[PDB]
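Here's the structure we're looking at; comments come further down.
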Amino acid sequence: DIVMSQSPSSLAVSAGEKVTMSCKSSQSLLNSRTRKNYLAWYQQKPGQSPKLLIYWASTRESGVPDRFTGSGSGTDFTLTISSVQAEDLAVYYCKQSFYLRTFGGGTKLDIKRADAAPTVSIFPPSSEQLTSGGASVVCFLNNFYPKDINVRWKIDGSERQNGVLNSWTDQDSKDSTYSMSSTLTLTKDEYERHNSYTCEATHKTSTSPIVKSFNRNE
Amino acid sequence: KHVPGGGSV
Amino acid sequence: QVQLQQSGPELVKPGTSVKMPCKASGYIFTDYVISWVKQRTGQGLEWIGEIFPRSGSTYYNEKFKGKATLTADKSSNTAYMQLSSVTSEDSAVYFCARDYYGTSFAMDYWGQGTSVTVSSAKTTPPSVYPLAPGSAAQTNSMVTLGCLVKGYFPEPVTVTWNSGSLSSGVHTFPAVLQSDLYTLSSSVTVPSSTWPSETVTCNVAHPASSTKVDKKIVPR
């Protein structure tokens, strides 16, 4: 029945920089006989189950790089990553085991890098789908940074704003880039009444949008 | 005994 | 090689009970406690409770008393958690973790998680559709292909390319839910030299309906 707080909740740094994040407990986690703070740090990457980094406040668990350093005492604790790497992208949780167990709210670590423009690709509906009466047009905007990007669909020159679903990947642990998918779903009939289909990506890297198109007849 | 956590070690 | 094995994704109807296993190996099952931890989609880790398999003793987070029931079978080195009378608040991934009681008091090995979706919606397998470029070629050195995975319930699906042998250049996108159905797509980017001269096939698995499909990407 110890409450845990983590701050800041979010964080961005470039590869190589130092970072520190804080964790506070509503009670001392220090036990006088053992002389240990029962506080641990966990790293959780996308799609992954949490991995233990540090226990007893400051002891590294085996396999963990030495750049991860835990510190502090009583009710105030710190995880430090000196020289952050692109692989360190993750949410970092602290947790108390002095009495029962309580996870902090987590601190998300995002990586800064150099701006990069999306690779855009556009795909007309598959024969299979048009066979069941749907038509989804798909447009992938791959390996760009930063995350902020606008996508615009045009049918026969006219901007189209519905039937559109968008989804962003988590940042990539190799290159620190983001990718996005955008999917324009119409009925077959509605799809077959227009010829040119276009997705346009406007991104910080250029004031000029990246255009890809195809024609149903093409 | 199985104690509830570290505060009783 | 300590390892904690958890069952696959499950869909349960509201009001019912679900009981999930966590099979331990590589260590003395009775010398460590098993903790269980909940994670709602996009949210943090939330401690549920613990069991000491030696003795069967359990403690719970107050919020989960009489919602979660933790048990342990020493003959099979397996821990179980039972959620009772489930509601959509229980849709979450539930991890088990070995918890070094008496020393570190930390959770040093984790399971992969059991993804539980509590809903009335019907299991629906996805239709997989090939995404192959139209009649054009430009910046020809690389080519992007994809798979559209549409109209499935519930999460999740597993996409791979050439049975995991196409590893680099892949983006699989988070699903989005529309009117009780999920849809995602995946993209794969290969040398213009490798396709179509060699086969590219996306492999889709939808555990909850016992579905596995393979869709070859062919030109046009």
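Following the order of the structure tokens, first chain is A, next is B, and so on, with residues numbered from 1 inside each chain and ligands from 1 in the order they appear.
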Item to check | Polymer residues at most 7 Å from residue 7 (chain B), only C-alpha atoms, same-chain spacing of 5 or more positions, as a PyMOL selection string | outcome: chain A and resi 31+98-99
Closest-contact table, chain A side, partner chain C, 7 Å, counting only C-alpha atoms, as a tab-separated table:
residue	atom	partner	partner_atom	distance
A:38	CA	C:105	CA	6.9
A:40	CA	C:106	CA	6.5
A:49	CA	C:112	CA	5.7
A:50	CA	C:110	CA	6.9
A:52	CA	C:108	CA	5.5
A:55	CA	C:104	CA	6.2
A:56	CA	C:104	CA	6.4
A:97	CA	C:105	CA	6.2
A:101	CA	C:47	CA	6.5
A:102	CA	C:47	CA	6.2
A:103	CA	C:46	CA	6.2
A:105	CA	C:44	CA	6.0
A:106	CA	C:44	CA	6.6
A:121	CA	C:144	CA	6.9
A:123	CA	C:133	CA	5.7
A:124	CA	C:134	CA	6.8
A:126	CA	C:130	CA	6.2
A:128	CA	C:129	CA	6.7
A:129	CA	C:129	CA	6.9
A:167	CA	C:174	CA	6.1
A:168	CA	C:173	CA	6.5
A:169	CA	C:173	CA	5.4
A:181	CA	C:173	CA	6.9
A:218	CA	C:135	CA	6.1
Those same residues - N, CA, C and O atoms - I'd like them written as a JSON list (two decimals), in the first residue's frame.
[["chain", "number", "residue", "atom", "x", "y", "z"],
["A", 38, "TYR", "N", 14.16, -1.85, -1.15],
["A", 38, "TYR", "CA", 13.52, -2.83, -2.05],
["A", 38, "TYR", "C", 12.83, -2.13, -3.20],
["A", 38, "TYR", "O", 11.62, -2.00, -3.25],
["A", 40, "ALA", "N", 13.18, -1.68, -7.57],
["A", 40, "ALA", "CA", 13.76, -2.21, -8.80],
["A", 40, "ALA", "C", 13.31, -1.43, -10.01],
["A", 40, "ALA", "O", 12.28, -0.77, -9.97],
["A", 49, "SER", "N", 7.76, -8.30, -23.15],
["A", 49, "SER", "CA", 7.44, -8.35, -21.77],
["A", 49, "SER", "C", 8.56, -7.64, -21.02],
["A", 49, "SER", "O", 9.70, -7.59, -21.50],
["A", 50, "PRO", "N", 8.26, -7.06, -19.86],
["A", 50, "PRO", "CA", 9.27, -6.30, -19.12],
["A", 50, "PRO", "C", 10.51, -7.11, -18.74],
["A", 50, "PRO", "O", 10.41, -8.30, -18.48],
["A", 52, "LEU", "N", 13.95, -7.08, -16.19],
["A", 52, "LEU", "CA", 14.48, -6.50, -14.98],
["A", 52, "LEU", "C", 15.86, -5.90, -15.28],
["A", 52, "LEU", "O", 16.76, -6.60, -15.74],
["A", 55, "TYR", "N", 18.02, -4.13, -9.24],
["A", 55, "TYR", "CA", 17.35, -4.41, -7.97],
["A", 55, "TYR", "C", 18.14, -3.87, -6.76],
["A", 55, "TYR", "O", 19.27, -3.44, -6.90],
["A", 56, "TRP", "N", 17.52, -3.88, -5.59],
["A", 56, "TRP", "CA", 18.06, -3.24, -4.38],
["A", 56, "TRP", "C", 18.55, -1.81, -4.66],
["A", 56, "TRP", "O", 19.66, -1.44, -4.27],
["A", 97, "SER", "N", 9.17, -3.40, -3.59],
["A", 97, "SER", "CA", 8.85, -4.71, -2.99],
["A", 97, "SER", "C", 9.11, -4.71, -1.49],
["A", 97, "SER", "O", 9.41, -5.76, -0.89],
["A", 101, "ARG", "N", 3.85, -5.21, -3.71],
["A", 101, "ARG", "CA", 4.59, -4.72, -4.87],
["A", 101, "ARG", "C", 3.78, -3.63, -5.54],
["A", 101, "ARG", "O", 2.57, -3.73, -5.56],
["A", 102, "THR", "N", 4.42, -2.59, -6.05],
["A", 102, "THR", "CA", 3.71, -1.47, -6.69],
["A", 102, "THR", "C", 4.54, -0.93, -7.82],
["A", 102, "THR", "O", 5.68, -0.56, -7.56],
["A", 103, "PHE", "N", 4.03, -0.90, -9.05],
["A", 103, "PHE", "CA", 4.77, -0.31, -10.19],
["A", 103, "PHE", "C", 4.50, 1.17, -10.28],
["A", 103, "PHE", "O", 3.36, 1.57, -10.11],
["A", 105, "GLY", "N", 4.19, 4.61, -12.69],
["A", 105, "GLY", "CA", 3.41, 4.83, -13.91],
["A", 105, "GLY", "C", 4.21, 4.71, -15.19],
["A", 105, "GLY", "O", 3.60, 4.65, -16.27],
["A", 106, "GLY", "N", 5.54, 4.67, -15.08],
["A", 106, "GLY", "CA", 6.41, 4.50, -16.24],
["A", 106, "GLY", "C", 6.89, 5.83, -16.78],
["A", 106, "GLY", "O", 6.22, 6.85, -16.61],
["A", 121, "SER", "N", 4.65, 4.66, -50.88],
["A", 121, "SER", "CA", 4.30, 3.64, -51.86],
["A", 121, "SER", "C", 2.81, 3.59, -51.83],
["A", 121, "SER", "O", 2.25, 3.75, -50.77],
["A", 123, "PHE", "N", -0.83, 1.43, -53.29],
["A", 123, "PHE", "CA", -1.25, 0.11, -53.75],
["A", 123, "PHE", "C", -2.73, 0.09, -54.08],
["A", 123, "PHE", "O", -3.54, 0.48, -53.25],
["A", 124, "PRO", "N", -3.09, -0.33, -55.30],
["A", 124, "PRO", "CA", -4.50, -0.42, -55.60],
["A", 124, "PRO", "C", -5.09, -1.66, -54.95],
["A", 124, "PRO", "O", -4.35, -2.52, -54.51],
["A", 126, "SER", "N", -6.73, -5.25, -54.16],
["A", 126, "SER", "CA", -6.44, -6.57, -54.70],
["A", 126, "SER", "C", -7.65, -7.13, -55.41],
["A", 126, "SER", "O", -8.79, -6.80, -55.07],
["A", 128, "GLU", "N", -8.79, -10.14, -55.18],
["A", 128, "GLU", "CA", -9.56, -10.87, -54.16],
["A", 128, "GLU", "C", -10.62, -10.02, -53.45],
["A", 128, "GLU", "O", -11.79, -10.41, -53.34],
["A", 129, "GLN", "N", -10.21, -8.85, -52.98],
["A", 129, "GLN", "CA", -11.09, -7.98, -52.20],
["A", 129, "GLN", "C", -12.26, -7.48, -53.05],
["A", 129, "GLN", "O", -13.41, -7.58, -52.65],
["A", 167, "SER", "N", -2.62, 4.39, -39.15],
["A", 167, "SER", "CA", -1.92, 3.75, -38.04],
["A", 167, "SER", "C", -0.41, 3.93, -38.09],
["A", 167, "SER", "O", 0.24, 3.71, -39.13],
["A", 168, "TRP", "N", 0.17, 4.30, -36.94],
["A", 168, "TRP", "CA", 1.59, 4.54, -36.83],
["A", 168, "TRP", "C", 2.27, 3.39, -36.11],
["A", 168, "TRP", "O", 1.80, 2.99, -35.04],
["A", 169, "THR", "N", 3.41, 2.92, -36.64],
["A", 169, "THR", "CA", 4.28, 2.03, -35.88],
["A", 169, "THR", "C", 4.98, 2.75, -34.74],
["A", 169, "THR", "O", 5.14, 3.96, -34.73],
["A", 181, "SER", "N", 0.87, 3.89, -41.95],
["A", 181, "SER", "CA", 0.06, 3.24, -42.94],
["A", 181, "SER", "C", -1.15, 4.11, -43.04],
["A", 181, "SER", "O", -1.54, 4.71, -42.03],
["A", 218, "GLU", "N", -4.64, 1.98, -65.46],
["A", 218, "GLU", "CA", -3.17, 1.82, -65.60],
["A", 218, "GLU", "C", -2.65, 0.39, -65.38],
["A", 218, "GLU", "O", -2.92, -0.52, -66.15]]
Checklist entry - If we count only C-alpha atoms, what is near residue 1 (chain B) at a cut-off of 12 Å, once residues fewer than 6 positions away on the same chain are taken out, given as a PyMOL selection string? => result (chain B and resi 8-9) or (chain C and resi 52+54-58+101-102)
Pick out each residue of region 10-218 of chain A that DSSP on the backbone tags as alpha helix (DSSP H); I need them as a compact mmCIF listing (two decimals) with C-alpha atoms, in the first residue's frame.
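Writing the result to states.txt gives the following:
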# COMPACT_ATOMS: atom_id res chain seq x y z
CA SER A 127 -8.49 -8.68 -57.08
CA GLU A 128 -9.56 -10.87 -54.16
CA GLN A 129 -11.09 -7.98 -52.20
CA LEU A 130 -12.96 -6.59 -55.23
CA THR A 131 -14.39 -10.10 -55.47
CA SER A 132 -16.13 -9.78 -52.16
CA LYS A 188 -16.34 -1.77 -55.11
CA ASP A 189 -19.04 0.21 -56.88
CA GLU A 190 -17.85 3.52 -55.43
CA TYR A 191 -14.22 2.62 -56.34
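You will find CA of residue 92 (chain C) at 8.2 Å from CA of residue 114 (chain C).
Note that CA of residue 36 (chain C) and CA of residue 9 (chain C) are 16.3 Å apart.
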For chain B against chain C, with a cut-off of 8 Å and counting only C-alpha atoms, what is the closest atom pair and its distance in Å to one decimal for every residue that makes the cut, ordered by chain and number, as a Markdown table?
| residue | atom | partner | partner_atom | distance |
| --- | --- | --- | --- | --- |
| B:2 | CA | C:57 | CA | 7.1 |
| B:4 | CA | C:59 | CA | 6.9 |
| B:5 | CA | C:105 | CA | 7.2 |
| B:6 | CA | C:105 | CA | 6.7 |
| B:9 | CA | C:102 | CA | 6.9 |
Next on the checklist: Please extract the residues of region 60-205 of chain A with a backbone DSSP assignment of strand (DSSP E or B) and present them as a ChimeraX atom specification.
Outcome noted: /A:60,68-73,76-81,90-96,102-103,107-112,116,119-123,134-145,149-155,158-160,164-168,178-187,196-203
Checklist entry - By how many Å are CA of residue 205 (chain A) and CA of residue 147 (chain A) apart? => result 11.6 Å
Checklist entry - Smallest atom-to-atom distance to chain B: which of A:174, A:108, A:160, A:35, using only C-alpha atoms? => result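 Using only C-alpha atoms, the shortest distance to chain B belongs to A:35.
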Next on the checklist: I'd like the neighbourhood of region 193-204 of chain A as an NGL selection string, where a residue qualifies if any of its atoms comes within 8 Å (using only C-alpha atoms), though same-chain residues fewer than 6 positions away should be ignored.
Outcome noted: :A and (115 or 117 or 120 or 122 or 139 or 141 or 146 or 148-157 or 210-217)
